[PDB]
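Enquirer: Need coordinates for the following:
(4 chains, ligands or ions: 2)
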Amino acid sequence: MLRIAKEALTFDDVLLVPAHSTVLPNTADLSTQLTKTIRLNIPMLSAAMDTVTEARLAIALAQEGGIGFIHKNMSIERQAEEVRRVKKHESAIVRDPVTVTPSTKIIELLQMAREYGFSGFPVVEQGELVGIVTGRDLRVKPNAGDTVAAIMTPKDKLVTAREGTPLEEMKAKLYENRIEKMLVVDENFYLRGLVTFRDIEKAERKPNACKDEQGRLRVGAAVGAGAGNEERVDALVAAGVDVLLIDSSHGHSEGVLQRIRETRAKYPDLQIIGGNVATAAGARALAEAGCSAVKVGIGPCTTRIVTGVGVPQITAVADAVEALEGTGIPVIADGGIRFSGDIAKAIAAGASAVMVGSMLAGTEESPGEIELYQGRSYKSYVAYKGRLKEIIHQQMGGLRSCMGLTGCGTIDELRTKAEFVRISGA
Amino acid sequence: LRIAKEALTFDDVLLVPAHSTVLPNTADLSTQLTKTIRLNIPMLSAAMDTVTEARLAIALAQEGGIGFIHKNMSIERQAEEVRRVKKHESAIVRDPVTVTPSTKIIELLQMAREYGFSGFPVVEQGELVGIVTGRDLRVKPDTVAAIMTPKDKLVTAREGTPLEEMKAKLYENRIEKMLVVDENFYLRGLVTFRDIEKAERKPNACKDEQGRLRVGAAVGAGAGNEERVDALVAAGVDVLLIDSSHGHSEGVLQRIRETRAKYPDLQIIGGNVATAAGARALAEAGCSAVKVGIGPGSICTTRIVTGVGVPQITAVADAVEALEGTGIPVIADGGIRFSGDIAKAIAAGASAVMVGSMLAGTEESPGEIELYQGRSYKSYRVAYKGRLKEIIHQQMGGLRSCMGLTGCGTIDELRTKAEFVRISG
Amino acid sequence: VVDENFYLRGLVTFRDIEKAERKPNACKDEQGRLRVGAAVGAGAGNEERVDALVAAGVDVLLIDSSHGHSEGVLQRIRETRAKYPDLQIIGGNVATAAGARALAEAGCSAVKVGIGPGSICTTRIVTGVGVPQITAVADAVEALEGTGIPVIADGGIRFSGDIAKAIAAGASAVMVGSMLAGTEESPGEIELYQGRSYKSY
Amino acid sequence: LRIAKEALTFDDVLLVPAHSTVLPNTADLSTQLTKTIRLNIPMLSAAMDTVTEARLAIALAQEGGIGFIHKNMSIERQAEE
Ligand SMILES: O=c1[nH]cnc2c1ncn2[C@@H]1O[C@H](COP(=O)(O)O)[C@@H](O)[C@H]1O
Ligand SMILES: O=c1[nH]cnc2c1ncn2[C@@H]1O[C@H](COP(=O)(O)O)[C@@H](O)[C@H]1O
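Expert: Residues are numbered from 1 along each chain as shown, chains lettered A, B, ... in the order given. Ligands and ions are numbered 1, 2, ... in the order given. The structure is reproduced below:
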């Protein structure tokens, strides 16, 4: 007998029923929990694709509320760097300022002063910040061949802030210490950058930046389920990554489940996402192995045509959610998302966020550099799509519009309150 | 039947390659726009509302050519565009946070906690009167006027001051901020060692004898433009574009004769013509340059509608030959599709080319970025072509190769030494 | 089968000599080895490459530039010729009578003609320079009418009729690219795509 | 205006047929490439990385013409080809 489990639905099969609503679109709460502990401001993830997510894009996205996942087609030593660039990224901090050493001749200092001003030259000998020289230090006339070491400000009398310090704290330190520039060190008092009042103003204001408990941007990064990835993991976790993505084309494989169990045994507090599954059991299987969230999407596609396996996206999500009802383990809709409507449907199926790839490739912040070809602008490594900021705004405009229509003020209500109609092709 | 001759366009000729001591990267793209104005690249931007405004006219000047502000706007804004270009210095911070002599010290401390007491410039109706700093409030003497630093002890630079001279002023006066005023001591901006440092370096800027970017501006040949001209000439436009759809009309020739007697020294471009007779006519009227192009525009609506036109190559050579002695240059206007067309235009005798379609849709052109379908466009829609600088490089890349192939190291050698072959389809 | 230093190179049986494909039209040298050319650029720093190929027994050397009529090409050609008085050299590309004698006097053994007509013709359009191929060939041929130095028609050969026209214009041989790219023996791997066979790079 | 001449391409001409004692299968396709090198067919393969390597340069030589190994490779491999 023909073994058909059920009937299965994709995006184009359903529409959301509009409801009574006290919800204005610009007042909708777009936030939602990615894991039990990580909470996004917009419910969006960027695919760990070499064409989609690198350090550049994953920052832009966190500033706007979501999280990017550094793709894994790069060395361990380099993937760990991309993770670190995001966590420590403050556009307000001037990162490559001109420094000197105690060995620097004062003669060379007046030369540089004529080229950067006596606002302040950081003195470093072998990375350790040891002091700074200002024009107020250069009073009285240097005898022939003096060096900075005699006139500089010592380490003890410096006013610094640590990296990851909030920005108004720095303003407070800057104002109350009646200074115009303040050095930013690290745990070991290594010079990391500097900050000014103006550099804080020209830092564009991202009120919905998705950050950690210490105000650093959040970042994810992806690894394989094959053997031998443990070292990359150790390197990434070392780089301070917020969430780890173990991506395979079959999350319900026992080998995936094992590397997860191992990674979970090794890093009990690390937020881990496993994927991809498309069934009630595949999600429950992944949860047991120790996921913090589960990514859903098997041929949302080329996978369906070559292997014949797949599940339409809407029922796949509903089944996973139905199985995870009560665990606080969220579902991620991955792939097949063309417009804002698919996003809205995804969440209303129960999904807590979505992952997109094609939609982001070609954005300014995406990998590749802009190249003009046949009078058109493209991203050379695809159609150049412009700034990510707008694509998000355009997409979230749509989502916001939807929540007003369905009377859902928050994401969780949309995942629970919104209703569907089953529809035909016509 | 009066058929004067046969006339040739771009697709009709190829440039013949010659002995060459010219590497493309060593070729001299400069050329004289008029006897007095000399370009660094032989490119003008069309005075089209979709192409040239202050923003793009700046970008092109930074690149070696000159943009022509279109005339489809009120004077008060057009003369403004001419200023926006002439006065543009990328290093100057404009619209900084200021106070007035009336500002309550109470209000002074609030802003200080949100911008720092580095110094708030004090202006009384735009006129710079002083600056109040944190040393002034802890020092004490109520309002800002009582604690502010007076006009006498201020260190300023005038607008248009070179950057190295400002840098010297900042060091020799031991300051990190220096305010920028104009002729009437009105505040225009400020400069620090850092903002002069991040100022983009444009070594091929077409600048005037005073280091300001050069700007053109276009007006029509009708009556009632006299006030517009005077406004632009007042606004410091470098060269004036008198553009008509028939440069060989007696009314054009007259208004040109008039403007020239009025501004004996003002550089004027008249157009458009496509004949030897149309060319001398415009020169005798007193043009400094002659623009050629009746019929070849991109969105070529003439001919078809009117039956009139000249294939662009024949027109240019004919005008060039008629002006062989006057030191008055010719411009090839419209119909430039690829960089090969540029090369052919110049080798026909042109001293520069004017382009529209090639530039419309760059970031710097008018219009807003808009995402449509799944691609980027400039919405007023046109295809977003990215930054102008990239296009210019590709286009001049092409021209350099041609000159390398043809053994012409300078534009002028290309205009005189390069040969053609005629070809079929 | 050994070589000059008695290093093993292979073996032969009565049978393997029997299945060896018989190519009666092989272009072989005065020593029955297949003839081979090799191409280098006209820039500086190729001197070591040339010497390596000449050492490797290349039969004829191809000095190819996008402008064979450049003085630098003419010079590097003058240099290589004084160095290998006997080495067969092909210079290109030109498209004029003047470009042709220039290359011959520099010491070319053959002259390659073709500025503008390549298949993926990116010149002209971009640079405005070129010559329709027939006129170029006849012009170079006529300029070399006495030198016993042959001309090659390079690029733009679409069909066999074009070959015939090229030669009848004066060409002694033709050089083709597009017509050959994608044959089994060209570089690339066989790949099945869509539902058809392609050579995947 | 300096227009040297008119210039012709393939589509511009046809070859005129003449009296003929020549059968196609009896035609001599050989020709001198240089004073010293003589081809059997009048064909060279372009020195293009997508066209000529040792493999194709062998096949063409077997057929009467000469292939030209492209230069987009390290010497040690080109001299090898
Ligand atoms: O409606 C029109 N008819 C004829 N020519 C025009 C029209 N609008 C603009 N032009 C000219 O077309 C030129 C630009 O040609 P393009 O480089 O091919 O786009 C400019 O110099 C304009 O003066
Ligand atoms: O980028 C290019 N521009 C111009 N000619 C080229 C380029 N690449 C290869 N060629 C030449 O094109 C010829 C092949 O022409 P085809 O027979 O039509 O494919 C060869 O002789 C090459 O030297």
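
Enquirer: send the alpha carbons of the longest strand that chain C contains over as CSV?
Expert: In terms of residue count, the longest strand belonging to chain C (DSSP state E) is strand C:88-94. Provided in CSV are the C-alpha atoms of strand C:88-94 (Å, rounded to 0.1, in the frame of the first residue of the first chain):
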residue,chain,number,x,y,z
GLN,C,88,62.0,30.6,-35.9
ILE,C,89,60.0,33.6,-34.4
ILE,C,90,56.4,34.8,-35.0
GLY,C,91,55.6,38.3,-34.1
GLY,C,92,52.1,39.9,-33.8
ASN,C,93,49.8,41.3,-34.1
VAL,C,94,49.7,43.9,-36.8
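
Enquirer: Report whether that strand contacts chain D.
Expert: Yes. For strand C:88-94, a contact with chain D is found by C-beta under 8 Å from any C-beta of the partner chain, at residue C:88. Backbone N, C-alpha and C define where each C-beta goes, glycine included.

Enquirer: any residues touching that strand, and which ones?
Expert: The list of residues contacting strand C:88-94 from outside it, by C-beta atoms under 8 Å, 6 or more residues apart in numbering or on different chains, reads B:17, C:37, C:59-69, C:73, C:77, C:80-81, C:100, C:102-103, C:106-115, C:140, C:152, C:154, D:33-34, D:36-37.

Enquirer: In strands only, show me the residues you listed.
Expert: Where the contacts of strand C:88-94 overlap with strands, as defined by DSSP E, the overlap consists of C:37, C:60-64, C:110-113, C:152, C:154.

Enquirer: and the gap between the residue most central in space within chain C and chain D?
Expert: By C-alpha atoms, centre = their mean, the mean C-alpha position of chain C lies nearest to residue C:62, the distance being 5.8 Å. Applying C-beta to the nearest C-beta, to the nearest Å, one obtains 5 Å for the distance of residue C:62 from chain D.

Enquirer: and that residue, what are its bridge partners?
Expert: Listed by DSSP bridges, the beta-bridge partners for residue C:62 are residue C:39, residue C:90.

Enquirer: contacting residues for it?
Expert: Under the contact definition (C-beta under 8 Å, 6+ apart), the residues listed for residue C:62 are C:37-40, C:90, C:92, C:112, D:47, D:68.

Enquirer: any idea which of the residues you listed is the one closest to chain B?
Expert: Of all the contacts of residue C:62, residue C:92 has the smallest distance to chain B: 12.1 Å, by C-beta to the nearest C-beta.

Enquirer: Count the residues that sit near that closest one.
Expert: Burial of residue C:92, expressed as a neighbour count using other C-beta atoms under 10 Å in any protein chain shown, amounts to 29.

Enquirer: show me what contacts the nearest residue to it once chain neighbours are set aside?
Expert: Taking C-beta to C-beta, 6 or more residues apart in numbering or on different chains, and ignoring the residues beside it in sequence, residue C:92 has residue C:112 as its nearest neighbour in space, at 2.9 Å. Under the criterion of C-beta under 8 Å, 6+ apart, the contact list for residue C:112 reads C:62, C:64, C:68, C:90-94, C:151-152, C:154, C:175.

Enquirer: what's the burial count for the residue of the stretch 51-200 of chain A found nearest chain D?
Expert: Here the residue of the stretch 51-200 of chain A nearest chain D is residue A:75; by C-beta to the nearest C-beta that distance is 24.3 Å. By the measure other C-beta under 10 Å, the count of residues near residue A:75 is 10.

Enquirer: near ligand 1, which residues of the stretch 1-150 of chain A show up?
Expert: Taking C-beta under 6 Å from any ligand atom as the criterion, ligand 1 has no neighbours within the stretch 1-150 of chain A.

Enquirer: Tell me where chain C has helices.
Expert: Per DSSP state H, chain C has helices spanning C:14-19, C:47-55, C:71-83, C:97-106, C:133-143, C:160-168. These are given in chain order.

Enquirer: Wondering if the shortest one reaches chain D at all.
Expert: No. Judged by C-beta under 8 Å from any C-beta, helix C:14-19 and chain D are separated, with a smallest distance of 15.2 Å.

Enquirer: Could you tell me which residues within that helix count as buried?
Expert: In terms of neighbour count (16 or more other C-beta atoms under 10 Å in any protein chain shown), helix C:14-19 has no buried residues at all.

Enquirer: quick one: the closest residue in space to residue A:367 that isn't next to it in sequence from residue D:51, how far?
Expert: Take residue A:367 and drop its neighbours on the chain: the residue closest to it by C-beta to C-beta, 6+ apart is residue A:54, 4.7 Å away. Taking C-beta to C-beta, to the nearest Å as the measure, residue A:54 falls 36 Å from residue D:51.

Enquirer: got it, and residue A:65?
Expert: On the measure of C-beta to C-beta, residue A:65 and residue D:51 end up 52 Å apart.

Enquirer: Enumerate every residue touching the residue in the stretch 1-150 of chain A that ligand 1 sits nearest to.
Expert: Closest contact between the stretch 1-150 of chain A and ligand 1, by C-beta to the nearest ligand atom, is at residue A:51 (34.6 Å). Counting by C-beta under 8 Å, 6+ apart, residue A:51 touches A:357, A:361, A:366-368, A:381-382.

Enquirer: Could you do residue A:335 as well?
Expert: For residue A:335, the set of contacting residues under the criterion of C-beta under 8 Å, 6+ apart consists of A:47, A:276, A:297, A:300-301, A:313, A:355, A:357.

Enquirer: so which of the helices of chain C gets nearest chain A?
Expert: The minimum distance between chain A and those falls on helix C:133-143, with 25.8 Å, by C-beta to the nearest C-beta.

Enquirer: Summarise which helices and strands the closest one is packed against.
Expert: The elements that helix C:133-143 packs onto, with contact taken as 3 or more C-beta pairs under 8 Å, 6 or more residues apart in numbering or on different chains; DSSP states H and E, are helix C:97-106, strand C:110-113, strand C:151-154, helix C:160-168, strand D:3-7.
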